[PDB]
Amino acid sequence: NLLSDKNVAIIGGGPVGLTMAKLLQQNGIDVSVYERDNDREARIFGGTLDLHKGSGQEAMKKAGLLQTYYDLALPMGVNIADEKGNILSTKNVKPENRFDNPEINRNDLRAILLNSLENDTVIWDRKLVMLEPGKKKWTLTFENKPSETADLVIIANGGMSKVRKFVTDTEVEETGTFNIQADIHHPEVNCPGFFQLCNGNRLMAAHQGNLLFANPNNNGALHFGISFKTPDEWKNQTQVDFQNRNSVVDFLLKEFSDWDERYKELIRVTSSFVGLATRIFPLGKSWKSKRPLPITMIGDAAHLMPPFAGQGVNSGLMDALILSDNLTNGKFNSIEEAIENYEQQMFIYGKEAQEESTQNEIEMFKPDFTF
């Protein structure tokens, strides 16, 4: 085998890195995941994830976890509303499509993947800060923790990874849109009007360059996001301190001044907001060839892209499926060639996904956009 008497280090225990670990481990591969989170009870902020047939779901199938995912996921319909709260479109999930892409909470998905791994596969409180290639092994340097070695390093630590340079000099870029997100607990009580507007479905609305997305039931909480072109005054992210809810409430109430009070109530009752600039890690020219030791990247570390049209985790789970199969099917003469074959495929569907996400972004933020 390519990996017999060798070990693999996966950097990052996100959904992509944990899936990569499971697919390698179940073929007898010595693999560890180093995750910066202090422990597994760390809450993951964000909306739900939906896994697609042919990609995310195919990775779960290969891992024996497809039913586990279905049992914790929820098919959800979609309502499009206007800024006055009129429901313009209602699409519920037809029973024959209930397996197409049901939504799963991110902590639930992490728990599924962790539970499927052998004990002590993930090493918590391990923030990788530097890599160094040796004669045959990488040396991994962690923050204030002892070093580790690995024959193969797989960078899976998300879109802002700083440990990419052995693979590419490409830099993450801001696309020019900005996202504010929040959770409301017990929304049926705390934002009843907007909760009733959703009516069990996800909701999307667009008006004059401001977009609102909401999921009224991410394991009982309501998750929502407000997205817009990054204001020109923010060449230093000025005016809005996201540590100060009053500053954020004031900014959003002005942007949403002509929206229905059900939306304004949502802004008014939120206890804290998270701001996030939209970024892309653009796939263009090939990555570096003839690297000193085998190394590659998967998931957002490889092809972070805007999330507004549903691109994201599924292309990362496709990475893990392809790369793990190449490392274990015994068709390749070296780890480098298995990696090369993975990267060549990923550049094709990754570039397509990026082009679509970037085009979609352009369209959804034109001042007169409607869904």
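Position 1 is the first residue in the sequence shown; the rest follow in order. The term rigid core refers to the maximal set of C-alpha atoms that superpose within 1.5 Å between the two forms.
Enquirer: Comparing against the shown form in 4 other deposited structures of this protein, which stretch has the larger RMS C-alpha deviation after a rigid core superposition, 292-300 or 239-247?
Expert: Larger mean C-alpha displacement, comparing 292-300 and 239-247 in 4 other deposited structures of this protein, is found in 239-247.
Enquirer: Which wins on mean Cα temperature factor, 305-313 or 335-343?
Expert: Higher of the two, by average CA B-factor, is 305-313.
Enquirer: For the higher mean C-alpha B factor in the entry, choose 283-291 or 230-238.
Expert: 230-238 has the higher mean C-alpha B-factor.
Enquirer: Per the PDB entry, which option out of 261, 125, 120, 108 has the greatest Cα B factor?
Expert: Comparing C-alpha B-factors across 261, 125, 120, 108, the top value belongs to 120.
Enquirer: Quick one: which of 190, 139, 144, 218 has the biggest Cα B-factor according to the entry?
Expert: Most elevated C-alpha B-factor of the set, per the entry: 190.
Enquirer: Grab the CA temperature factor for residue 154 from the record and place it in the lowest, middle or highest third of its chain.
Expert: For residue 154, whose C-alpha B-factor we compare with every modelled residue in the chain, the answer is the lowest third.
Enquirer: Sorting by Cα B-factor within the chain, modelled residues only, which third would residue 177 end up in: lowest, middle or highest?
Expert: Lowest third of the chain for residue 177's C-alpha B-factor.
Enquirer: In terms of the CA temperature factor given in the entry, to which third of its chain does residue 162 belong: lowest, middle or highest?
Expert: It falls in the bottom third of the chain.
Enquirer: Would the CA B-factor of residue 320 place it in the lowest, middle or highest third of its chain?
Expert: Its C-alpha B-factor belongs to the lowest third of this chain's values.
Enquirer: Please place residue 53 in the lowest, middle or highest third of its chain according to the CA B-factor in the PDB entry.
Expert: Ranked within chain, residue 53 CA B lands in the highest tercile.
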